[PDB]
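Chemist: Dropping in final19.pdb, which is PDB, C-alpha atoms (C1' of nucleotides):
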ATOM      1  CA  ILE A   4     116.066 374.695-122.554
ATOM      2  CA  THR A   5     119.602 375.943-123.195
ATOM      3  CA  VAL A   6     120.973 378.665-125.458
ATOM      4  CA  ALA A   7     123.763 376.398-126.731
ATOM      5  CA  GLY A   8     121.302 373.597-127.477
ATOM      6  CA  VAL A   9     118.952 376.012-129.247
ATOM      7  CA  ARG A  10     121.872 377.329-131.316
ATOM      8  CA  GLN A  11     122.939 373.771-132.200
ATOM      9  CA  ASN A  12     119.382 372.868-133.239
ATOM     10  CA  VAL A  13     119.109 376.058-135.315
ATOM     11  CA  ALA A  14     122.455 375.309-136.987
ATOM     12  CA  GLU A  15     121.336 371.754-137.795
ATOM     13  CA  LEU A  16     118.015 373.014-139.193
ATOM     14  CA  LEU A  17     119.804 375.647-141.293
ATOM     15  CA  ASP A  18     122.272 373.057-142.617
ATOM     16  CA  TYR A  19     119.409 370.715-143.538
ATOM     17  CA  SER A  20     117.460 373.543-145.188
ATOM     18  CA  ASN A  21     120.471 374.885-147.108
ATOM     19  CA  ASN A  22     122.684 371.931-148.102
ATOM     20  CA  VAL A  23     120.540 368.782-148.201
ATOM     21  CA  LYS A  24     116.999 369.769-149.186
ATOM     22  CA  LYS A  25     117.168 373.365-150.437
ATOM     23  CA  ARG A  26     113.789 374.476-151.756
ATOM     24  CA  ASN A  27     112.670 376.748-154.608
ATOM     25  CA  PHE A  28     111.641 379.556-152.230
ATOM     26  CA  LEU A  29     112.890 381.329-149.109
ATOM     27  CA  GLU A  30     111.699 378.888-146.456
ATOM     28  CA  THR A  31     110.784 380.471-143.135
ATOM     29  CA  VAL A  32     111.659 379.081-139.700
ATOM     30  CA  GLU A  33     109.018 378.127-137.137
ATOM     31  CA  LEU A  34     108.842 376.640-133.649
ATOM     32  CA  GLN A  35     106.038 374.402-132.383
ATOM     33  CA  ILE A  36     105.147 373.945-128.713
ATOM     34  CA  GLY A  37     102.685 371.896-126.700
ATOM     35  CA  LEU A  38     100.843 372.474-123.445
ATOM     36  CA  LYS A  39     100.342 370.077-120.550
ATOM     37  CA  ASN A  40      98.582 369.992-117.156
ATOM     38  CA  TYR A  41      96.026 372.558-118.343
ATOM     39  CA  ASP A  42      92.521 372.683-119.816
ATOM     40  CA  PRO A  43      92.256 374.560-123.141
ATOM     41  CA  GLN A  44      88.473 374.109-123.060
ATOM     42  CA  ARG A  45      87.808 374.666-119.331
ATOM     43  CA  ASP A  46      90.507 376.967-117.900
ATOM     44  CA  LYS A  47      91.183 380.600-118.752
ATOM     45  CA  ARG A  48      92.669 381.085-122.224
ATOM     46  CA  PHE A  49      95.837 383.171-122.027
ATOM     47  CA  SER A  50      96.844 385.631-124.739
ATOM     48  CA  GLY A  51      99.669 387.993-125.579
ATOM     49  CA  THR A  52     101.931 389.431-128.238
ATOM     50  CA  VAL A  53     105.708 389.853-128.148
ATOM     51  CA  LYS A  54     108.062 391.430-130.682
ATOM     52  CA  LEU A  55     111.059 389.203-131.382
ATOM     53  CA  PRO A  56     114.584 390.590-131.909
ATOM     54  CA  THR A  57     114.327 389.635-135.601
ATOM     55  CA  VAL A  58     111.509 389.542-138.143
ATOM     56  CA  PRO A  59     109.493 386.374-137.420
ATOM     57  CA  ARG A  60     107.480 386.174-140.673
ATOM     58  CA  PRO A  61     109.113 388.260-143.431
ATOM     59  CA  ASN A  62     106.931 386.520-146.048
ATOM     60  CA  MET A  63     103.661 387.530-144.357
ATOM     61  CA  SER A  64     101.268 389.804-146.254
ATOM     62  CA  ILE A  65      99.299 392.627-144.620
ATOM     63  CA  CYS A  66      96.228 394.457-145.928
ATOM     64  CA  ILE A  67      95.222 397.914-144.697
ATOM     65  CA  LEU A  68      91.600 399.029-144.307
ATOM     66  CA  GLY A  69      90.922 402.724-143.851
ATOM     67  CA  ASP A  70      90.199 406.068-145.452
ATOM     68  CA  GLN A  71      92.130 407.926-148.147
ATOM     69  CA  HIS A  72      94.688 409.109-145.577
ATOM     70  CA  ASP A  73      95.222 405.499-144.478
ATOM     71  CA  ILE A  74      95.546 404.461-148.136
ATOM     72  CA  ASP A  75      98.200 407.147-148.681
ATOM     73  CA  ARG A  76     100.019 406.027-145.521
ATOM     74  CA  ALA A  77      99.952 402.408-146.736
ATOM     75  CA  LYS A  78     101.199 403.455-150.182
ATOM     76  CA  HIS A  79     104.038 405.341-148.480
ATOM     77  CA  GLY A  80     105.315 401.958-147.283
ATOM     78  CA  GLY A  81     104.164 400.130-150.391
ATOM     79  CA  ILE A  82     101.495 398.036-148.664
ATOM     80  CA  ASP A  83      98.131 397.303-150.259
ATOM     81  CA  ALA A  84      95.158 399.305-149.012
ATOM     82  CA  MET A  85      91.379 398.909-148.990
ATOM     83  CA  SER A  86      89.004 401.861-148.828
ATOM     84  CA  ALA A  87      85.682 402.223-147.027
ATOM     85  CA  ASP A  88      83.922 402.122-150.405
ATOM     86  CA  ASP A  89      85.817 398.917-151.243
ATOM     87  CA  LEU A  90      84.735 397.410-147.907
ATOM     88  CA  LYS A  91      81.109 398.439-148.489
ATOM     89  CA  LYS A  92      81.216 397.001-152.020
ATOM     90  CA  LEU A  93      81.486 393.511-150.490
ATOM     91  CA  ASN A  94      77.999 393.836-148.896
ATOM     92  CA  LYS A  95      78.645 391.141-146.254
ATOM     93  CA  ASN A  96      79.779 388.559-148.827
ATOM     94  CA  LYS A  97      81.124 385.511-146.982
ATOM     95  CA  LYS A  98      82.838 384.167-150.112
ATOM     96  CA  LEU A  99      84.533 387.520-150.770
ATOM     97  CA  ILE A 100      85.587 387.742-147.111
ATOM     98  CA  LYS A 101      87.068 384.231-147.296
ATOM     99  CA  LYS A 102      88.882 385.135-150.527
ATOM    100  CA  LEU A 103      90.299 388.292-148.913
ATOM    101  CA  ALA A 104      91.391 386.287-145.859
ATOM    102  CA  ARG A 105      93.088 383.728-148.117
ATOM    103  CA  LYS A 106      94.815 386.443-150.161
ATOM    104  CA  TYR A 107      96.013 388.512-147.181
ATOM    105  CA  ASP A 108      97.653 386.866-144.180
ATOM    106  CA  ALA A 109      96.964 389.744-141.770
ATOM    107  CA  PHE A 110      94.818 392.872-141.673
ATOM    108  CA  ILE A 111      95.206 396.286-140.035
ATOM    109  CA  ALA A 112      92.149 398.538-139.732
ATOM    110  CA  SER A 113      91.952 402.226-138.864
ATOM    111  CA  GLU A 114      89.908 403.493-135.922
ATOM    112  CA  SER A 115      87.199 404.866-138.231
ATOM    113  CA  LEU A 116      86.673 401.583-140.108
ATOM    114  CA  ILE A 117      87.291 399.211-137.171
ATOM    115  CA  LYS A 118      83.677 399.470-135.999
ATOM    116  CA  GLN A 119      82.288 399.334-139.557
ATOM    117  CA  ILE A 120      84.315 396.261-140.588
ATOM    118  CA  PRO A 121      81.882 393.848-138.825
ATOM    119  CA  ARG A 122      78.916 395.623-140.465
ATOM    120  CA  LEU A 123      80.360 395.797-144.002
ATOM    121  CA  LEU A 124      82.807 392.888-144.306
ATOM    122  CA  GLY A 125      80.876 390.724-141.844
ATOM    123  CA  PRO A 126      82.177 388.046-139.473
ATOM    124  CA  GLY A 127      84.145 386.224-142.187
ATOM    125  CA  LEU A 128      87.499 387.546-140.974
ATOM    126  CA  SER A 129      86.680 386.532-137.390
ATOM    127  CA  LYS A 130      85.613 383.081-138.601
ATOM    128  CA  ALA A 131      88.820 382.681-140.633
ATOM    129  CA  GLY A 132      90.980 383.974-137.776
ATOM    130  CA  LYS A 133      92.096 387.195-139.493
ATOM    131  CA  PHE A 134      90.462 389.906-137.384
ATOM    132  CA  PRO A 135      92.079 393.278-138.170
ATOM    133  CA  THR A 136      94.162 394.990-135.511
ATOM    134  CA  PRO A 137      93.216 398.580-134.595
ATOM    135  CA  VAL A 138      95.403 401.456-135.761
ATOM    136  CA  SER A 139      95.365 405.205-135.177
ATOM    137  CA  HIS A 140      95.740 407.958-137.761
ATOM    138  CA  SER A 141      98.698 409.617-136.008
ATOM    139  CA  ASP A 142     100.725 406.389-135.948
ATOM    140  CA  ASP A 143     102.978 405.329-138.817
ATOM    141  CA  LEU A 144     101.206 402.729-140.965
ATOM    142  CA  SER A 145     104.435 401.300-142.414
ATOM    143  CA  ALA A 146     106.019 401.018-138.957
ATOM    144  CA  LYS A 147     102.847 399.386-137.608
ATOM    145  CA  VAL A 148     102.836 396.893-140.499
ATOM    146  CA  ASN A 149     106.514 396.105-139.887
ATOM    147  CA  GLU A 150     105.849 395.615-136.160
ATOM    148  CA  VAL A 151     102.879 393.338-136.918
ATOM    149  CA  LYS A 152     105.062 391.322-139.299
ATOM    150  CA  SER A 153     107.906 391.054-136.769
ATOM    151  CA  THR A 154     105.635 390.224-133.797
ATOM    152  CA  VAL A 155     103.856 386.949-133.030
ATOM    153  CA  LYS A 156     100.839 385.980-130.940
ATOM    154  CA  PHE A 157     100.561 383.365-128.190
ATOM    155  CA  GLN A 158      96.791 383.088-127.665
ATOM    156  CA  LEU A 159      95.664 379.699-126.352
ATOM    157  CA  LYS A 160      93.492 377.870-128.886
ATOM    158  CA  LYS A 161      91.060 374.994-128.317
ATOM    159  CA  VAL A 162      93.931 372.482-128.674
ATOM    160  CA  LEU A 163      97.133 372.004-126.699
ATOM    161  CA  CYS A 164      99.361 372.582-129.750
ATOM    162  CA  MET A 165     100.646 376.015-130.771
ATOM    163  CA  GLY A 166     103.412 377.543-132.851
ATOM    164  CA  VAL A 167     105.170 380.749-133.813
ATOM    165  CA  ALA A 168     107.552 381.877-136.545
ATOM    166  CA  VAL A 169     111.073 382.758-135.413
ATOM    167  CA  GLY A 170     112.594 383.961-138.668
ATOM    168  CA  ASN A 171     113.689 382.488-141.984
ATOM    169  CA  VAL A 172     116.421 380.281-143.422
ATOM    170  CA  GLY A 173     118.324 383.299-144.762
ATOM    171  CA  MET A 174     118.398 384.892-141.314
ATOM    172  CA  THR A 175     121.383 384.490-139.011
ATOM    173  CA  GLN A 176     121.615 381.481-136.704
ATOM    174  CA  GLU A 177     122.231 383.769-133.721
ATOM    175  CA  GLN A 178     119.190 385.880-134.640
ATOM    176  CA  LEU A 179     117.036 382.753-135.002
ATOM    177  CA  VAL A 180     118.260 381.446-131.631
ATOM    178  CA  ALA A 181     117.525 384.827-130.031
ATOM    179  CA  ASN A 182     114.012 384.858-131.520
ATOM    180  CA  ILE A 183     113.393 381.292-130.307
ATOM    181  CA  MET A 184     114.654 382.207-126.827
ATOM    182  CA  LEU A 185     112.414 385.294-126.756
ATOM    183  CA  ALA A 186     109.400 383.202-127.806
ATOM    184  CA  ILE A 187     110.207 380.590-125.143
ATOM    185  CA  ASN A 188     110.576 383.307-122.496
ATOM    186  CA  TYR A 189     107.244 384.848-123.530
ATOM    187  CA  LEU A 190     105.578 381.420-123.352
ATOM    188  CA  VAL A 191     107.094 380.775-119.910
ATOM    189  CA  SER A 192     105.917 384.184-118.681
ATOM    190  CA  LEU A 193     102.408 383.553-120.037
ATOM    191  CA  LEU A 194     102.252 380.086-118.456
ATOM    192  CA  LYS A 195     101.205 380.033-114.804
ATOM    193  CA  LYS A 196     103.368 377.009-113.904
ATOM    194  CA  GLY A 197     106.299 378.019-116.108
ATOM    195  CA  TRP A 198     108.059 375.044-117.662
ATOM    196  CA  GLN A 199     105.738 372.618-115.850
ATOM    197  CA  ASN A 200     102.873 373.529-118.213
ATOM    198  CA  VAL A 201     104.954 372.999-121.374
ATOM    199  CA  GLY A 202     104.650 369.575-122.975
ATOM    200  CA  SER A 203     107.324 369.610-125.675
ATOM    201  CA  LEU A 204     109.044 371.993-128.077
ATOM    202  CA  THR A 205     110.506 371.584-131.562
ATOM    203  CA  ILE A 206     112.103 373.939-134.090
ATOM    204  CA  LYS A 207     112.192 373.544-137.860
ATOM    205  CA  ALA A 208     112.126 375.375-141.151
ATOM    206  CA  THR A 209     109.201 375.504-143.565
ATOM    207  CA  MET A 210     110.347 372.266-145.228
ATOM    208  CA  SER A 211     113.281 370.998-143.140
ATOM    209  CA  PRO A 212     113.025 368.180-140.573
ATOM    210  CA  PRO A 213     112.259 369.198-136.985
ATOM    211  CA  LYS A 214     114.661 369.175-134.040
ATOM    212  CA  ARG A 215     113.273 368.689-130.531
ATOM    213  CA  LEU A 216     114.549 370.979-127.770
ATOM    214  CA  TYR A 217     112.179 370.078-124.915
TER     215      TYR A 217
ATOM    216  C1'   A B   1      69.299 352.988 -22.198
ATOM    217  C1'   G B   2      66.126 345.205 -22.962
ATOM    218  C1'   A B   3      62.112 343.797 -26.152
ATOM    219  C1'   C B   4      57.799 346.328 -29.076
ATOM    220  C1'   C B   5      55.799 350.773 -31.873
ATOM    221  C1'   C B   6      56.955 355.536 -34.591
ATOM    222  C1'   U B   7      60.415 359.072 -37.106
ATOM    223  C1'   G B   8      65.022 359.749 -39.999
ATOM    224  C1'   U B   9      69.357 363.940 -45.474
ATOM    225  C1'   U B  10      69.441 357.245 -41.357
ATOM    226  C1'   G B  11      73.909 353.168 -41.695
ATOM    227  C1'   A B  12      74.842 348.430 -43.461
ATOM    228  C1'   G B  13      73.978 343.252 -45.621
ATOM    229  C1'   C B  14      71.201 341.012 -49.792
ATOM    230  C1'   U B  15      68.138 340.701 -54.632
ATOM    231  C1'   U B  16      66.495 342.220 -59.466
ATOM    232  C1'   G B  17      65.922 344.315 -67.526
ATOM    233  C1'   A B  18      65.928 350.068 -60.891
ATOM    234  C1'   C B  19      70.246 354.207 -62.589
ATOM    235  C1'   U B  20      75.486 355.014 -63.974
ATOM    236  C1'   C B  21      79.578 352.220 -64.440
ATOM    237  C1'   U B  22      82.785 347.800 -64.560
ATOM    238  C1'   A B  23      86.011 342.679 -64.205
ATOM    239  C1'   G B  24      85.716 338.738 -67.462
ATOM    240  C1'   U B  25      84.206 337.309 -72.466
ATOM    241  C1'   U B  26      83.162 338.129 -77.682
ATOM    242  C1'   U B  27      83.691 340.987 -82.526
ATOM    243  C1'   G B  28      86.068 344.596 -86.042
ATOM    244  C1'   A B  29      90.131 347.889 -87.436
ATOM    245  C1'   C B  30      95.636 349.900 -87.162
ATOM    246  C1'   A B  31     100.609 348.312 -85.845
ATOM    247  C1'   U B  32     103.832 344.018 -85.214
ATOM    248  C1'   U B  33     103.871 342.219 -90.881
ATOM    249  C1'   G B  34     107.795 339.694 -94.451
ATOM    250  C1'   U B  35     108.909 336.745 -99.735
ATOM    251  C1'   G B  36     107.013 334.736-104.525
ATOM    252  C1'   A B  37     103.920 333.741-108.284
ATOM    253  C1'   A B  38      98.412 333.554-110.430
ATOM    254  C1'   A B  39      93.886 336.436-111.890
ATOM    255  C1'   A B  40      91.589 341.279-112.613
ATOM    256  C1'   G B  41      92.277 347.068-112.477
ATOM    257  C1'   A B  42      94.894 351.739-112.857
ATOM    258  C1'   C B  43      98.690 354.588-114.714
ATOM    259  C1'   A B  44     103.734 354.863-117.183
ATOM    260  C1'   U B  45     106.684 354.503-121.411
ATOM    261  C1'   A B  46     108.987 351.657-126.418
ATOM    262  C1'   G B  47     106.544 351.202-130.801
ATOM    263  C1'   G B  48     102.274 350.690-134.476
ATOM    264  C1'   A B  49      97.410 351.996-136.736
ATOM    265  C1'   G B  50      93.195 355.363-137.232
ATOM    266  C1'   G B  51      90.215 360.007-138.069
ATOM    267  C1'   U B  52      82.597 361.255-143.186
ATOM    268  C1'   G B  53      76.910 364.619-139.040
ATOM    269  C1'   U B  54      78.126 366.849-144.324
ATOM    270  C1'   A B  55      78.688 369.766-148.520
ATOM    271  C1'   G B  56      83.112 369.555-150.949
ATOM    272  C1'   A B  57      89.837 367.212-155.179
ATOM    273  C1'   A B  58      89.829 363.714-149.526
ATOM    274  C1'   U B  59      87.007 359.723-144.802
ATOM    275  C1'   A B  60      88.417 367.879-142.419
ATOM    276  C1'   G B  61      91.881 365.332-135.402
ATOM    277  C1'   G B  62      93.336 370.173-134.881
ATOM    278  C1'   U B  63      97.865 373.705-134.962
ATOM    279  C1'   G B  64     102.231 376.554-136.860
ATOM    280  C1'   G B  65     105.277 377.654-141.022
ATOM    281  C1'   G B  66     103.468 377.713-146.127
ATOM    282  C1'   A B  67     103.443 378.347-152.634
ATOM    283  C1'   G B  68     105.487 374.974-153.935
ATOM    284  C1'   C B  69     106.086 369.677-153.594
ATOM    285  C1'   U B  70     108.880 366.194-156.129
ATOM    286  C1'   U B  71     109.021 359.057-154.081
ATOM    287  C1'   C B  72     107.485 362.705-161.118
ATOM    288  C1'   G B  73     102.483 360.211-160.110
ATOM    289  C1'   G B  74     100.268 364.012-160.341
ATOM    290  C1'   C B  75      99.596 366.369-155.732
ATOM    291  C1'   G B  76      99.164 371.681-155.188
ATOM    292  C1'   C B  77      97.518 377.097-155.218
ATOM    293  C1'   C B  78      93.113 378.224-157.359
ATOM    294  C1'   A B  79      87.877 376.734-158.036
ATOM    295  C1'   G B  80      84.336 374.799-154.779
ATOM    296  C1'   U B  81      82.524 373.482-149.897
ATOM    297  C1'   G B  82      82.104 374.530-144.984
TER     298        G B  82
END
Can you turn what I pasted into structure tokens?

Modeler:
Amino acid sequence: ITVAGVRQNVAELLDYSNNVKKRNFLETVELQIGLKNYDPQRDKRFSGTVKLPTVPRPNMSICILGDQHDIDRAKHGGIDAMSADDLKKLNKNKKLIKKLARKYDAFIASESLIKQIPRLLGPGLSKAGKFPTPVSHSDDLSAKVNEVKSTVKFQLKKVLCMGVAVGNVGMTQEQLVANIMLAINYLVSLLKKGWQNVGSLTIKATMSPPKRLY
RNA sequence: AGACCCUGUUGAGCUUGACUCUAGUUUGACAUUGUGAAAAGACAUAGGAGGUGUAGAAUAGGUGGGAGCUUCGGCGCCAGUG
């Protein structure tokens, strides 16, 4: 992995996304990685979160669950909010939980409603992979939502493939290369063998062709 | 101070499935020990093709970006099913 090669791949992906096959929407940029010489079903599953130098997923949507103070804090940043009464109105509906998980890409829950989310909303969010992150009342809800949007997760799944957003097509090439380098460094730090445990790596846009870097 | 008898922590020669060894002999393995093909096996890659226990738009590898794809037929989102 080289910074110049990553910048060249990002420039090629941006040129393909902008000049040849420009889409009808702001296509985001992602990077896909593979694991090797490890057992995703028998060894310990690593996990972690790292905030990139740029916004990884600017098109991601976040839903806030909390009290009236949390709703006011979410409305201060313009994010949608869900009250405790709105959570209890679901009454453990799996279909409603799946619809909420399809509508909202990520969830942030306050400390008061974090324990009551599994009792009211049920395990639908955990089944869909959208478990809400905890949040305190003294922290800034808008800043927490922005940090959650700009950060990515590297938890090991049941398969050897993984991926993470590194920005968008409208972002700068240098910023995209820096985000990709930060994600690669986080993956190398999480891996026990470093680059020996990485199978391959590619970078692309949402609709542009991929470019292999490893 | 012979011969004979008796005794020995007795000495020595000889014999034998007495004990422990051993020459010789026999057998296996490593090294000396290389070169081709042939038949099986294991990996490596250069390609190619597949994913129904089942509800459900489809015969659901899974995963990340994703609301648009675009080869203009419809596929999508959504509904619905998990």

Chemist: Between A:124, A:163, A:7, A:169, which has the minimum distance to residue 200 in chain A (counting only C-alpha atoms)?

Modeler: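 Among the listed residues, the smallest separation from residue 200 in chain A belongs to A:163.
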
Chemist: Nearest residue to residue 34 in chain A out of B:64, B:28, B:82, B:73, using only C-alpha atoms (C1' of nucleotides)?

Modeler: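 Selected residue with least distance to residue 34 in chain A: B:64.
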
Chemist: Using the chain letters and numbers from this file, what does the PyMOL selection byres ((chain A and resi 206) around 8) select? Give the answer as a PyMOL selection string.

Modeler: chain A and resi 12-13+16+32-35+204-205+207-208+213-216

Chemist: Selected by the PyMOL selection byres ((chain B) within 9 of (chain A)) in the shown coordinates: which residues, as a PyMOL selection string?

Modeler: chain B and resi 62-68

Chemist: What is the CA of residue 183 in chain A to CA of residue 202 in chain A distance in Å?

Modeler: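 Interatomic distance, CA of residue 183 in chain A to CA of residue 202 in chain A: 16.4 Å.
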
Chemist: Report as a list in words the full result of the PyMOL selection byres ((chain A and resi 97) around 12) when it is applied to this structure.

Modeler: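 Taken on the displayed file, the PyMOL selection byres ((chain A and resi 97) around 12) yields the residues residues 93, 94, 95, 96, 98, 99, 100, 101, 102, 103, 104, 121, 123, 124, 125, 126, 127, 128, 129, 130 and 131 of chain A; 82 of chain B.
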
Chemist: Please put the answer as lines of an AutoDock Vina configuration file: centre and edge lengths, in Å with one decimal, of a box along x, y and z that encloses all listed atoms of range 58-77 of chain B plus 3 Å on each side.

Modeler:
center_x = 98.0
center_y = 368.7
center_z = -148.0
size_x = 28.0
size_y = 25.3
size_z = 32.2
